[PDB]
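A quick note on method: Cβ atoms are made from the backbone with ideal geometry, for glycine too, and the neighbour counts reach across all protein chains shown. Each answer follows from the model by the rule given with it, or from the source it names; no laboratory instrument gave them.
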Amino acid sequence: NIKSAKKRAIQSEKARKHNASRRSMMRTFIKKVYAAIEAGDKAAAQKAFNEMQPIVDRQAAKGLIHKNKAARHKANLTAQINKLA
Amino acid sequence: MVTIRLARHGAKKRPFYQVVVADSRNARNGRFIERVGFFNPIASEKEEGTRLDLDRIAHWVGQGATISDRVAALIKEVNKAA
Amino acid sequence: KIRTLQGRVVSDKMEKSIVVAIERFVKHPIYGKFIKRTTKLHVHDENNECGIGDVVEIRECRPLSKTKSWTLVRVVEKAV
Amino acid sequence: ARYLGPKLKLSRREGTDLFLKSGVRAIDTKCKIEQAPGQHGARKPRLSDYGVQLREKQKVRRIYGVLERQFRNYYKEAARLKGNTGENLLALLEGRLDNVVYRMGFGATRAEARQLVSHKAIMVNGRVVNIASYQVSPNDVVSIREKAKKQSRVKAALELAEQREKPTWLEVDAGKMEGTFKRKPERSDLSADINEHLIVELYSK
RNA sequence: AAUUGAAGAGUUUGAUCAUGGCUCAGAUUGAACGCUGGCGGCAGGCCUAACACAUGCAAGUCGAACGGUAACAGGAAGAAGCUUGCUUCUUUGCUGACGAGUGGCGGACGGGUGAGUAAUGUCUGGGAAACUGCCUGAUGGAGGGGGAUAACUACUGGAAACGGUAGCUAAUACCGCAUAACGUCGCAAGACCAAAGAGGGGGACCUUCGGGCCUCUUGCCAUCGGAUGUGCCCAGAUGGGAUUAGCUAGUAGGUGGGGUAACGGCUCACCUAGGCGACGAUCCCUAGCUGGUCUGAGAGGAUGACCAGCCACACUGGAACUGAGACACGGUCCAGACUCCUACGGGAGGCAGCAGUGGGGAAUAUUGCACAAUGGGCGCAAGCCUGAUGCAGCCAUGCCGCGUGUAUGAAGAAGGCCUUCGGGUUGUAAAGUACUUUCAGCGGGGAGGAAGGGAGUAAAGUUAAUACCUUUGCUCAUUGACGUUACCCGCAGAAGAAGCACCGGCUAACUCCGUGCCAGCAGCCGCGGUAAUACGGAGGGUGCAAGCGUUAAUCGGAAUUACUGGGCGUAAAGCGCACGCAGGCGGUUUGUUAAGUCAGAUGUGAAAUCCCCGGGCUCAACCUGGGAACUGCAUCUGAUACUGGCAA
């Protein structure tokens, strides 16, 4: 409707696309981690955890994951590897 | 933002402003944290016209509160005594 | 100190938890008679030491399940 | 909002001189007082208990020229004030500005005093008060303005002020044509024949 | 000083006393209707169709973030009529600025409505497992690069709405890289995580002579605090129905995984078989809740329009996206009903914002003026926006104030009505006479709501700088929608200004005439069938008064649900009689506890409202200062007589 709501519509669409991509990459890295924990692999899962840590902290800082969630992930996953190793 | 601001309470064509401390996104005559003085722009030429608790104002500005232009003008009017 | 209550165990049979009846003794607002009045509470206990018919003190904590925001401190008076 | 009719008729239903035509002459002499308040006025009423209470309230209102919602508000204010509600009610009726202008001899009647008050001929404390029911505080000076001073009425009215009893709670002085309401009138200082317990009991039913 | 507070009557009977119902007298209202209507002040105004909506406004702003120039006005340069001295035209964002666009912030506030919701809500009191844009304090960082994409241009699809394709460009847009804590994870060892510039001014130096460089202001990032706001939990309280007694399988709990900002069946797998319920679950009807309002002596009863706090909703049903915050009134998506446009392929809309329409209804307002004030958004500010708000319009809808004159005046005029025809009454009423001008009308004068903001100085601070900026004084023009304002003065003349109900008893106030169980009246008792104080008219009176009556609704009276504060032999009312569980109550003495109870303290019980003492509007209504109050709850400290617990 005829306003500056049109601009918020198009910006929220653009940011929807950007956030969906970054959120999807973050979730795939976390799937790498506890999909490596599905098999009994310690150092493979540690390599995947080191691969996911900067991106989850980074998406926490960029403002789309709200860092407590960031913390939870790494906390949960650390538990999984010292349940395993 | 919390704001020390005026809030219109008198009758029609006869305002009495009460200076309060409100969360700034409330209504004018709505919800406030504490009232801290008043300002009658008439009152008569008698004694006061305005009293205003400077200790609580200094407390809230210490907390981070902002002050509108009228309340700043009233503190600049009642400076310490006059 | 902490605010706590006292009550008696009304039933027992649940997996590391208990349920406690509290007896508050309140005056009727219209009639002026002091009337007994209960408050059943789902109360948590680790390792379920208290059985049925006990008397137990009880404090409030974070939620531990649905209702269940209460946890014991001291089991007294278990006498059967 | 005020009466505007035959006055001596009101004074004749009550059976008592309500001072409604004080004016030039002496005691009535052309009223046929007591005799006939209407066509069947020669009949004795055999009045009820509601009739005596009502008729007492009407006596007082028809004296002071007050209508019912205003009188009723005086009863509420006299009730809430501390003390004796009959005496408080007469103290509220005696502090009226048109009454104080009548007591000082500035008007011949209370309606003439009410027209002096109404036609901006009266100041209190050096400010002109246009209002019949202004409530004169103690230690006030109420006077006539320079306009409507030395008009005939007030002079004649002061001429008939000496025929009356010179109220104790005033400073009547007619030289300067200014007066001082000094204190509230005591119940024993006014009129002696109105029964205010009847109007307390009238409003308290 | 803050509770000075309580009325009855009519009607059962031939009469009585009692019981008992019905009814009246009071106060109130978002009121409507009937008759009447002068002025002002302050308030209030769709209670019904959460029905459908024409039209106009209700949310924008910033160039001191960025590419840029669509206009407007200048500047520079060129050419021309050339009056060689002024105009016309053109290239240049060069400048003040600015359409469109990117970007930041706001559109989650403000404003509306009460549909749903009987307890995921509200009120009161506790709590822990939290997030928090803007605002504030502290500690520090703010280095070095890259790829894009709008706008723009060129085609192109479409009736339109709206797109598509190919190139170009910027940033405080976006992304890496470095850096790394008193940050995250980890027991540690360690691992890992961010950023953005812009503006004002300037001595010297270096200029690829655009600017580097210095300084100030402002912005960015990280962490820890604070304040505010929000999310979550518990206990108690907050309608009616038992002619609704069983309800519940993610249901109740546990373990582990996931999820959220955060605890949690929030979710899933497995294990246990619980959980709720006669202290009323479940079902059904109704309903937004509260501060409060009305009534009441009070306790209560009814209610929750305005004003303020909380919740919920935004055509209907659902969903998420962006964001600090929404599952979003003037956002997105889908579906549905309706309405509209169409080239028939498809599109568009959402007044329960403010005015306004149509409809519904007994009923409820202007398609107004202004941002001057107060507040909000944006902005360094100027300022722009603001149907919030200030005001104005209409309406007796309420409350309050004032007016319609005042004094005199007996020939007790005339006329009306009654009359025992003597007179009485209307009635000092009118007329006459003498005064006054409130308000309305006319003409002048004229506060206050106006504080700020702008432009020059002077001083101080900062600094390399006597710049720039900030602060404080001083000076100069100014800033009012209301508004021919409030108010004051002058003018002319009583001149423009009184109705409505009632008169048998209750209930204040009476006769005549007309009608004759009719016409009709009525709240109850009841009037009217020929001399009606009850009907209709007249005279007279009574009550209220710019109002007055009727109707609807609430409380009172009603001690007719009785807690205060009732009853049960015969008026209604003792189970047909017992036994007895849960429940209620419990002799007497001592000791202990202190739960009830009592006393004090602290925190809270929002503000307004009620009450008290004051203050301002000429008074009043109204506004307002301080107190009291909010009868409560929680915690701590005591007392131990009574009740309870425990022991004897």
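Can you pull out the residues in region A:29-67 that are exposed (fewer than 12 other Cβ atoms within 10 Å of the Cβ) and either of a type in the set (D, E) or under 9 Å from the mean Cα position of the chain (by Cα) (or both)?
Of the residues in region A:29-67, the ones exposed (fewer than 12 other Cβ atoms within 10 Å of the Cβ) are A:38-40, A:43, A:50, A:54, A:61-63, A:66.
The one that is exposed (fewer than 12 other Cβ atoms within 10 Å of the Cβ) and either of a type in the set (D, E) or under 9 Å from the mean Cα position of the chain (by Cα) (or both): A:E38.
Can you spot a residue in region D:78-88 that is without any contact (Cβ under 8 Å) to a residue 40 or more places away in the chain and not assigned by CATH to the domain that holds D:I199?
Checking region D:78-88: not a single residue is without any contact (Cβ under 8 Å) to a residue 40 or more places away in the chain and not assigned by CATH to the domain that holds D:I199.
Got a sec? Which of D:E14, D:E34 is more than 6 Å from RNA strand E (Cβ to nearest atom) and either exposed (fewer than 14 other Cβ atoms within 10 Å of the Cβ) or over 19 Å from D:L198 (Cβ atoms) (or both)?
The conditions single out D:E34.
If the Cβ limit is 9 Å and pairs must be 6+ apart or interchain, which residue in region D:1-28 that is in a helix (DSSP H, G or I) pairs with which residue that is surrounded by 11 or more Cβ atoms within 10 Å (Cβ to Cβ) and small (G, A, S)?
Close Cβ pairs satisfying both conditions: D:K7/D:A111; D:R12/D:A36; D:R12/D:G41; D:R13/D:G41.
Within region D:56-66, does at least one residue satisfy the condition of being loosely packed, with under 14 Cβ neighbours inside 10 Å and either aromatic (F, W, Y) or more than 14 Å from chain B (Cβ to nearest Cβ) (or both)?
No, region D:56-66 contains no residue that is loosely packed, with under 14 Cβ neighbours inside 10 Å and either aromatic (F, W, Y) or more than 14 Å from chain B (Cβ to nearest Cβ) (or both).
Being free of Cβ contacts under 8 Å to residues at least 12 places away in the same chain, within 28 Å of A:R16 (Cβ to Cβ) and in a helix (DSSP H, G or I) is the filter here; which residues of region A:36-75 pass it?
A:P54, A:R58, A:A60, A:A61, A:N68, A:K69, A:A71, A:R72
Restricting to region C:11-43, and then to whatever is in contact (Cβ under 8 Å) with a residue 40 or more places away in the chain and either of a type in the set (A, V, I, L, M) or surrounded by fewer than 11 Cβ atoms within 10 Å (Cβ to Cβ) (or both), can you tell me which residue is nearest to C:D54 (Cα to Cα)?
Checked region C:11-43; the qualifying residue nearest to C:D54 (Cα to Cα) is C:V20.
Just wondering, is there one or more residues in region D:101-115 that are on the phi > 0 side of the Ramachandran plot, buried (at least 22 other Cβ atoms within 10 Å of the Cβ) and more than 6 Å from RNA strand E (Cβ to nearest atom)?
Residues of region D:101-115 that are on the phi > 0 side of the Ramachandran plot, as a first pass: D:105.
Next cut, buried (at least 22 other Cβ atoms within 10 Å of the Cβ) only: D:105.
Restricting the remaining residues to those that are more than 6 Å from RNA strand E (Cβ to nearest atom) gives D:105.
Within region D:101-115, one or more residues are on the phi > 0 side of the Ramachandran plot, buried (at least 22 other Cβ atoms within 10 Å of the Cβ) and more than 6 Å from RNA strand E (Cβ to nearest atom).
Identify the residue in region B:49-82 that is in a loop (DSSP other than H, G, I, E, B) and either farther than 15 Å from B:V19 by Cα or within 14 Å of another protein chain (Cβ to nearest Cβ) (or both) and, among all such residues, is nearest to the chain's Cα centre (by Cα).
Restricting to residues being in a loop (DSSP other than H, G, I, E, B) and either farther than 15 Å from B:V19 by Cα or within 14 Å of another protein chain (Cβ to nearest Cβ) (or both), the top hit is B:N79.
Checking the condition farther than 23 Å from D:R80 by Cβ, within 18 Å of the chain's Cα centre (by Cα) and among the basic types (K, R), which residue from D:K166, D:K184 passes?
So the residue among D:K166, D:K184 that is farther than 23 Å from D:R80 by Cβ, within 18 Å of the chain's Cα centre (by Cα) and among the basic types (K, R) is D:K166.
Picking from A:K7, A:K67, A:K74, A:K3, which residue would you name as being away from chain C (no Cβ under 14 Å) and more than 6 Å from RNA strand E (Cβ to nearest atom)? I'd like the intermediate steps shown before the answer.
On the way: A:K7 fails: more than 6 Å from RNA strand E (Cβ to nearest atom); A:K74 fails: more than 6 Å from RNA strand E (Cβ to nearest atom); A:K3 fails: more than 6 Å from RNA strand E (Cβ to nearest atom).
Checking each option against the conditions leaves just A:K67.
Identify, from the list B:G64, B:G10, the residue that is touching a residue at least 12 places away in the same chain (Cβ under 8 Å) and at positive phi.
None of the other options fit; the residue is B:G64.
Which is within 30 Å of D:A26 (Cα to Cα) and in a helix (DSSP H, G or I), of D:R164, D:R114?
None of the others qualify; the one that does is D:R114.
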